[PDB]
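Taken in sequence, the protein lines are chains A and B. If you count the first sequence from 1, position 201 lands on 227 in full-length UniProt numbering, and the numbers rise without skipping. Residue numbers 27 to 322, 326 to 399, in full-length UniProt numbering, belong to the letters of the second sequence in order. Reviewing the structure listed below.
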Amino acid sequence: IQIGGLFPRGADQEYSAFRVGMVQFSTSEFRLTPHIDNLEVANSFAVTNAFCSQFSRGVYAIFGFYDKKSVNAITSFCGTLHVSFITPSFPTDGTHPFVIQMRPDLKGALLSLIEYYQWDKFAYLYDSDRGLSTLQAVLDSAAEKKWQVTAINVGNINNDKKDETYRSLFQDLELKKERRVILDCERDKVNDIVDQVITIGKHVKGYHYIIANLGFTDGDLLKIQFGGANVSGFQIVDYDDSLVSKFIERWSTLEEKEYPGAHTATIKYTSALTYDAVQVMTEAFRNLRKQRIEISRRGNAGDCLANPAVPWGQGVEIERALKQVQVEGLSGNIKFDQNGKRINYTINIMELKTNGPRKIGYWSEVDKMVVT
Amino acid sequence: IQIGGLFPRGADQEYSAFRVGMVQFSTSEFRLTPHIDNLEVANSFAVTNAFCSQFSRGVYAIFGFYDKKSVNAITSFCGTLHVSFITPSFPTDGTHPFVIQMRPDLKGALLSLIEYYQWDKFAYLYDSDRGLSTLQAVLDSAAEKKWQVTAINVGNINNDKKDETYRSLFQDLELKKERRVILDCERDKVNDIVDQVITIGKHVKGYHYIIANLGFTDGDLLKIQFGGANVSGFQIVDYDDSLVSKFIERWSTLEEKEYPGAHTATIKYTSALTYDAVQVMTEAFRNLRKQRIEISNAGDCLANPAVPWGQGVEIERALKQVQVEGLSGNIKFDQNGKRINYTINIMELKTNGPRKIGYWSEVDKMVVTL
Numbered sequence: 027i028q029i030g031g032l033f034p035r036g037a038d039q040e041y042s043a044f045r046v047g048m049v050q051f052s053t054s055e056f057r058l059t060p061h062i063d064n065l066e067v068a069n070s071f072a073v074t075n076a077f078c079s080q081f082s083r084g085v086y087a088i089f090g091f092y093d094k095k096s097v098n099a100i101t102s103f104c105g106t107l108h109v110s111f112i113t114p115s116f117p118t119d120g121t122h123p124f125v126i127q128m129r130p131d132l133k134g135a136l137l138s139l140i141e142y143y144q145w146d147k148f149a150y151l152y153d154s155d156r157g158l159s160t161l162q163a164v165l166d167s168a169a170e171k172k173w174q175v176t177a178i179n180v181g182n183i184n185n186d187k188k189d190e191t192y193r194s195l196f197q198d199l200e201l202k203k204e205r206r207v208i209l210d211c212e213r214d215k216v217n218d219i220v221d222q223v224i225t226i227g228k229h230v231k232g233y234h235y236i237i238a239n240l241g242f243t244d245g246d247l248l249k250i251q252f253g254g255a256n257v258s259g260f261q262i263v264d265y266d267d268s269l270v271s272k273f274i275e276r277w278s279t280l281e282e283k284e285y286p287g288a289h290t291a292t293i294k295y296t297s298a299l300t301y302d303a304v305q306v307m308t309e310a311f312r313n314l315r316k317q318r319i320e321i322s323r324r325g326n327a328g329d330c331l332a333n334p335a336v337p338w339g340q341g342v343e344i345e346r347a348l349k350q351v352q353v354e355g356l357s358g359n360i361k362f363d364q365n366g367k368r369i370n371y372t373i374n375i376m377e378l379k380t381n382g383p384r385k386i387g388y389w390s391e392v393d394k395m396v397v398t
Numbered sequence: 027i028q029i030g031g032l033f034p035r036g037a038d039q040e041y042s043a044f045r046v047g048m049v050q051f052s053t054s055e056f057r058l059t060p061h062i063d064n065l066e067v068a069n070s071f072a073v074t075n076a077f078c079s080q081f082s083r084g085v086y087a088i089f090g091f092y093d094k095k096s097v098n099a100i101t102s103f104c105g106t107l108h109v110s111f112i113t114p115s116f117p118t119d120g121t122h123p124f125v126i127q128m129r130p131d132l133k134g135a136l137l138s139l140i141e142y143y144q145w146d147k148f149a150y151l152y153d154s155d156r157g158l159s160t161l162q163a164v165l166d167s168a169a170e171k172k173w174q175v176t177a178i179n180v181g182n183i184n185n186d187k188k189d190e191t192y193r194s195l196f197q198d199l200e201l202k203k204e205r206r207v208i209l210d211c212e213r214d215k216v217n218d219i220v221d222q223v224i225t226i227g228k229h230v231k232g233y234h235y236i237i238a239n240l241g242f243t244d245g246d247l248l249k250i251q252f253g254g255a256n257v258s259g260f261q262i263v264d265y266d267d268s269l270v271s272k273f274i275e276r277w278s279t280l281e282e283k284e285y286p287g288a289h290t291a292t293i294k295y296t297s298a299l300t301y302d303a304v305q306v307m308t309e310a311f312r313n314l315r316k317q318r319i320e321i322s326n327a328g329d330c331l332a333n334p335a336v337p338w339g340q341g342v343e344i345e346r347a348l349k350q351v352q353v354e355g356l357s358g359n360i361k362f363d364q365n366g367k368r369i370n371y372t373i374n375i376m377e378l379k380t381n382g383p384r385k386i387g388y389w390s391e392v393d394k395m396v397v398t399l
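As structure tokens, then:
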């Protein structure tokens, strides 16, 4: 069963996690065979081309990553042609079809926590790249719950004055005597920022930071474990989980030059979801034999732009099979709604104490109350 | 010289403005011949297909429109393949190449005005559909100049509870006793917002509204000329201008069934820029003979590897170094296709009518009261 892979450049850990999943989840009676393409995922042209190529090859589904600058390109083609796209990238805001979204929604949990700490005046530092879905919720709810949010787009600082203007961003932000802050950026920025918070000595007592992403332990927490600032975040990989322990003991011992990014004690949530994604995909094709469904080409349709666009017949079966999969993985309960969004899922709430990161509770999609 | 046209559906006025420009700007020695495609511009699939169609036809440039949804699709293909795209849609935030952007940047002017009125607590009503480029500029600043902005995305209200929830959005917005307000919506959402403002009687004295777009007179401002509320906005078409008067006399008398959307006293700024766009293109191809530059089988846009059209950059250059006067005044571009050396009239709604109370220069950058 042929599938396509659209991996960003230097998505090493993720590709390794993907290959590991391939080995583990494929069997004798059943083997996925992926054609992998590596590309600049923010380039809509590159992405449209990568898609159209796989479409001629005759793939049945596509595992991939997309970016704010390329998401519409990919979803529009998937939706139009009935190719299902499975992805660990950010969930789409809209109810798009033929997109199975492995990443859970953080908007929900982040708002509950802001209330849990009973904040009502803070700062919000967002990266334009991530998608801006969350900026709005914080703003929408700051109207409702009357918060005084101080939003600043931080994604448009170039390496040139990286350290120079970050430092002077607190000569602009100390103005409102701002103490509680939320970080919503790609890991490279999050680190780049923390580094700067320390350098200027705003990691001391009196400051509280929330890391708006799903991998709290994913990066280097240590550098501020002892400044005296409060530091909170989210984690969808429970390393206390049996399933996850068994995984890491193999992962931590992989040939680091055969599996780049491996041979470590933690795994990035994106890499985790990439691996869980191989499980979901394999299971949905096993359920398509277990319903004696013929999803095979009897013929091949090769142009991405043929007009009129005629959707693949079996396309809708494959979308269904995927969305009605339920398994347990590195991210716990994997279960989808009609729109390919994740449900019945849990996010650990985390605090950075002096001994280390602590799971202080969880956020259920259902209960929805930070449970402690 | 062949060019492509990518028009949204029911972009009537704009297409008419386009055809008019075609007539007057083309000569004996020089004729642009457009292949026109009408499409759902928010559909990146549709838009990419259309682009690729024109690309095979062998067009030299493309005039068109794009949507927050579909802008990356377009710019990405244009950038990659070296086809130049001229457009009246919102300017791109980046420095994308091969995009000549006819619409000036409103971020600049809007911020100056907020200071001119010396506001520091207001509401900002934005439309998701337009793009959130401005939402940031306002918020980035609200940090800097310590404003207390109350932002609300209003683009995700469906026709069902249109009136129902707009009204109850001031049962949520009267909370902060909110009196100054910025509207950043399409004309359609703008007038809908305005009617509701009147229906509930918040168009009275004590309220001040700023209309964040380039067509202050473009819609019906009369409905609230006399409520007693302050109402300000922007205008890039100066109807007092000689060049524009000559235009409207013709425009206002066109066969309304031969030129839909015409036969009126005002013209929408998009239609204006559409028309100005025919001038800019025309000019740039005339300057390409006036430099004895040769440009002339095209191929598949999905050909791999992508090989850029050789003459492509020449055409991008010619376009970007064009300077003329049009319905929007001084048309002049920087290296990035963005507009420069331009002016925006500042406008207030008085009881006799809208009044040009000043201007905003890209250079002076004052709100330059007069």
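The beta-carbon is built from N, C-alpha and C at its ideal position, and this holds for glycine as well.
{"Query": "Alpha helix (DSSP H) runs wholly inside the segment 266 to 294 of chain A, at least 4 long, in chain order", "Result": "268 to 277"}
{"Query": "Three-state class that DSSP yields for residue 22 (chain A) in the structure shown", "Result": "What is shown of chain A runs 27 to 398, which leaves residue 22 (chain A) out entirely."}
{"Query": "Secondary structure of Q222 (chain A), DSSP reduced to three states", "Result": "helix"}
{"Query": "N374 (chain B) at chain A interface by Cβ criterion, 8 Å", "Result": "no"}
{"Query": "Which of helix, strand or coil DSSP assigns to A37 (chain B)", "Result": "coil"}
{"Query": "Status (buried if at least 16 other CB within 10 Å, exposed otherwise) for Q261 (chain B)", "Result": "buried"}
{"Query": "Chain B contact for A99 (chain A) (CB, 8 Å cutoff)", "Result": "yes"}
{"Query": "Residue from A:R318, A:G90, A:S82 and A:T74 with nearest C-alpha to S102 (chain A)", "Result": "A:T74"}
{"Query": "When A:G31, A:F44 and A:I29 are compared against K294 (chain A), the one with the closest alpha-carbon", "Result": "A:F44"}
{"Query": "Cβ neighbours of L348 (chain B) in the same chain (closer than 6 Å, five flanking residues each side left out)", "Result": "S110, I126 and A310"}
{"Query": "Under 8 Å (Cβ pairs) to chain A, residues found in the segment 160 to 172 of chain B", "Result": "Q162, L165, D166, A168, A169, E170 and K172"}
{"Query": "Residue from B:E204, B:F124 and B:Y265 whose Cα sits closest to the Cα of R384 (chain B)", "Result": "B:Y265"}
{"Query": "Residues near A72 (chain B) in its chain [Cβ-Cβ closer than 7 Å; skip 5 each side]", "Result": "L65 and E66"}
{"Query": "Cutoff 8 Å: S70 (chain A) Cβ touching any chain B Cβ", "Result": "yes"}
{"Query": "Boundaries of the beta strand (DSSP E) in which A149 (chain A) is found, first to last residue", "Result": "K147 to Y152"}
{"Query": "As assigned by DSSP and simplified to three states, the class of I183 (chain B)", "Result": "coil"}
{"Query": "Reduced DSSP category for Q352 (chain B) - H, G, I as helix; E, B as strand; rest coil", "Result": "strand"}
{"Query": "The beta strand (DSSP E) enclosing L378 (chain A), as first and last residue numbers", "Result": "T372 to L378"}
{"Query": "Chain A contact for residue 323 (chain B) (CB, 8 Å cutoff)", "Result": "As shown, the structure holds no coordinates for residue 323 (chain B); chain B passes over it, running from 322 to 326."}
{"Query": "C-beta contact flag for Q174 (chain B) and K133 (chain B) at 8 Å", "Result": "no"}
{"Query": "Inter-residue Cα distance where the pair is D244 (chain B) and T160 (chain A)", "Result": "34 Å"}
{"Query": "Among A:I274, A:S268, A:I219 and A:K272, the one whose alpha carbon lies nearest that of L247 (chain A)", "Result": "A:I219"}
{"Query": "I178 (chain B): contacting residues in chain A (beta-carbon distance under 8 Å)", "Result": "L165, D166 and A169"}
{"Query": "Supposed contact pair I112 (chain B) and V230 (chain B) - C-beta distance, whole angstroms, cut 8 Å", "Result": "Contact flag wrong, Cβ pair sits at about 44 Å."}
{"Query": "Whole-angstrom distance between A99 (chain B) and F81 (chain B), CA atom to CA atom", "Result": "14 Å"}
{"Query": "Residue of B:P123, B:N182 and B:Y142 minimising C-alpha distance to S154 (chain B)", "Result": "B:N182"}
{"Query": "Alpha carbon of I250 (chain B) to alpha carbon of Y371 (chain B), nearest angstrom", "Result": "30 Å"}
{"Query": "Option nearest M376 (chain A) by Cα separation, candidates A:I236, A:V180 and A:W338", "Result": "A:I236"}
{"Query": "Close beta carbons around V257 (chain B), own chain, < 6 Å, minus the five adjacent residues each side", "Result": "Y235 and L378"}
{"Query": "Min CB distance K228 (chain B) to chain A below 8 Å", "Result": "no"}
{"Query": "Beta carbon proximity, residue 6 (chain A) to chain B, threshold 8 Å", "Result": "Since the displayed chain A opens at 27 and closes at 398, residue 6 (chain A) lies outside it and no answer follows."}
{"Query": "Which residues DSSP lists as bridging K385 (chain A), in chain order", "Result": "A:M376"}
{"Query": "Supposed contact pair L137 (chain B) and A163 (chain B) - C-beta distance, whole angstroms, cut 8 Å", "Result": "6 Å"}
{"Query": "Chain-order list of residues whose beta-carbon lies under 6 Å from that of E204 (chain B) (same chain, five-residue window excluded)", "Result": "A149"}
{"Query": "Own chain, CB closer than 6 Å to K95 (chain A), minus 5 neighbours either side, in chain order", "Result": "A68"}
{"Query": "Supposed close pair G31 (chain B), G90 (chain B) - CB separation, criterion 8 Å", "Result": "7 Å"}
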